[PDB]
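S.K.: Below is one structure. I have some questions about it.
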Amino acid sequence: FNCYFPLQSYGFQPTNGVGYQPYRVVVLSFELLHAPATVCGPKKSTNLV
Amino acid sequence: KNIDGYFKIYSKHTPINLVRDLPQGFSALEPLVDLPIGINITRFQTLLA
């Protein structure tokens with residue numbers, strides 16, 4: 001009595017509506033500290049002349 | 001050494017032949033692994049087997 005399991009299970013069925021469809025959500029967090037920049041990506045190199 | 005959290009690793013491998021003391025010669029070093037962590041280090045400890 002007044003004691004329910006908090007970790008309830010989801011429902012994933014292909015015959016149900018759109019609200020029961022599984023979505024893979026990826027959250028990217030970005031912060032700044034006193035450490036120097038280690039991530040790259042704009043480093044574009046061309047052919048040497 | 002540690003310069004504002006920028007830790008570097010210097011290494012050198014050379015064969016010698018002595019018993020107890022260190023050789024009183026000259027030898028340079030080579031940097032191997034750069035670790036830009038960005039933390040302050042005040043103590044250390046030598047690992048033994």
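In the structure tokens, the first chain shown is A, the next is B, and so on; residue numbers restart at 1 for each chain, and ligands run from 1 in the order shown.
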Mind listing as JSON, numbers by chain which residues of chain A are within 8 Å of chain B, counting only C-alpha atoms?

M.R.: {"A": [34, 35, 36]}

S.K.: Given the selection you just returned, output its residues as a file containing N, CA, C and O atoms, formatted as a PDB file, in the first residue's frame.

M.R.:
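Contents of again-v8.pdb, freshly written:
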ATOM      1  N   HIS A  34      40.231  25.521 -17.577  1.00  0.00           N
ATOM      2  CA  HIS A  34      41.588  26.035 -17.713  1.00  0.00           C
ATOM      3  C   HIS A  34      42.474  25.156 -18.587  1.00  0.00           C
ATOM      4  O   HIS A  34      43.600  25.560 -18.901  1.00  0.00           O
ATOM      5  N   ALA A  35      42.004  23.974 -18.975  1.00  0.00           N
ATOM      6  CA  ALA A  35      42.766  23.118 -19.868  1.00  0.00           C
ATOM      7  C   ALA A  35      42.757  23.694 -21.285  1.00  0.00           C
ATOM      8  O   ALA A  35      41.774  24.313 -21.703  1.00  0.00           O
ATOM      9  N   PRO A  36      43.843  23.520 -22.038  1.00  0.00           N
ATOM     10  CA  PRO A  36      43.870  24.019 -23.416  1.00  0.00           C
ATOM     11  C   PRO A  36      42.980  23.197 -24.336  1.00  0.00           C
ATOM     12  O   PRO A  36      42.507  22.111 -23.994  1.00  0.00           O
TER      13      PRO A  36
END

S.K.: Pick out the residues sitting within 10 Å of residue 8 in chain B, and hand them over as a tab-separated table (two decimals) with N, CA, C and O atoms, in the first residue's frame; count only C-alpha atoms, and ignore anything fewer than 4 positions along from it in its own chain.

M.R.:
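The result, stored in around01.tsv:
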chain	number	residue	atom	x	y	z
B	1	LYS	N	58.50	17.84	-15.30
B	1	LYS	CA	58.22	19.21	-14.91
B	1	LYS	C	56.75	19.49	-15.17
B	1	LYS	O	56.03	18.67	-15.74
B	2	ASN	N	56.30	20.68	-14.77
B	2	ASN	CA	54.91	21.07	-14.94
B	2	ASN	C	54.85	22.58	-15.09
B	2	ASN	O	55.18	23.31	-14.15
B	3	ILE	N	54.45	23.05	-16.27
B	3	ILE	CA	54.36	24.48	-16.57
B	3	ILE	C	52.89	24.78	-16.84
B	3	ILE	O	52.39	24.53	-17.94
B	31	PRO	N	61.63	13.77	-25.81
B	31	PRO	CA	60.22	13.75	-25.41
B	31	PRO	C	59.46	12.65	-26.15
B	31	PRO	O	59.63	12.45	-27.35
B	32	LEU	N	58.61	11.94	-25.41
B	32	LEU	CA	57.86	10.82	-25.95
B	32	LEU	C	56.35	11.08	-25.96
B	32	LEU	O	55.72	11.01	-27.01
B	33	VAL	N	55.76	11.36	-24.80
B	33	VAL	CA	54.32	11.51	-24.66
B	33	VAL	C	54.02	12.89	-24.08
B	33	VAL	O	54.54	13.25	-23.02
B	34	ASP	N	53.19	13.66	-24.78
B	34	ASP	CA	52.72	14.95	-24.31
B	34	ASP	C	51.33	14.79	-23.71
B	34	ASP	O	50.43	14.26	-24.37
B	35	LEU	N	51.16	15.26	-22.47
B	35	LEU	CA	49.89	15.12	-21.75
B	35	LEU	C	49.41	16.50	-21.30
B	35	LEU	O	49.73	16.95	-20.19
B	36	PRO	N	48.64	17.19	-22.14
B	36	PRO	CA	48.07	18.50	-21.73
B	36	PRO	C	46.84	18.34	-20.84
B	36	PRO	O	45.68	18.51	-21.24
B	37	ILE	N	47.09	18.00	-19.57
B	37	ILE	CA	45.99	17.76	-18.63
B	37	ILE	C	45.44	19.08	-18.10
B	37	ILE	O	44.26	19.40	-18.28

S.K.: Rounded to one decimal, what separation in Å do you get between CA of residue 31 in chain A and CA of residue 41 in chain B?

M.R.: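 Separating CA of residue 31 in chain A from CA of residue 41 in chain B is a distance of 22.9 Å.
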
S.K.: Tell me which protein, DNA and RNA residues are within 9 Å of range 25-27 of chain B, counting only C-alpha atoms, leaving out same-chain ones fewer than 3 positions away, and put them as a count of residues only.

M.R.: 3

S.K.: Set the distance at 8 Å and use only C-alpha atoms: which residues neighbour residue 22 in chain A once local chain neighbours fewer than 2 positions away are removed? I'd like the list as number ranges by chain.

M.R.: A: 12, 20, 24

S.K.: For the residues in the current selection, export C-alpha atoms as a compact mmCIF listing (two decimals), in the first residue's frame.

M.R.:
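Just written: again-v5.txt:
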# COMPACT_ATOMS: atom_id res chain seq x y z
CA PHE A 12 7.70 -0.62 -27.72
CA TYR A 20 5.47 4.51 -28.21
CA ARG A 24 17.80 7.33 -29.87
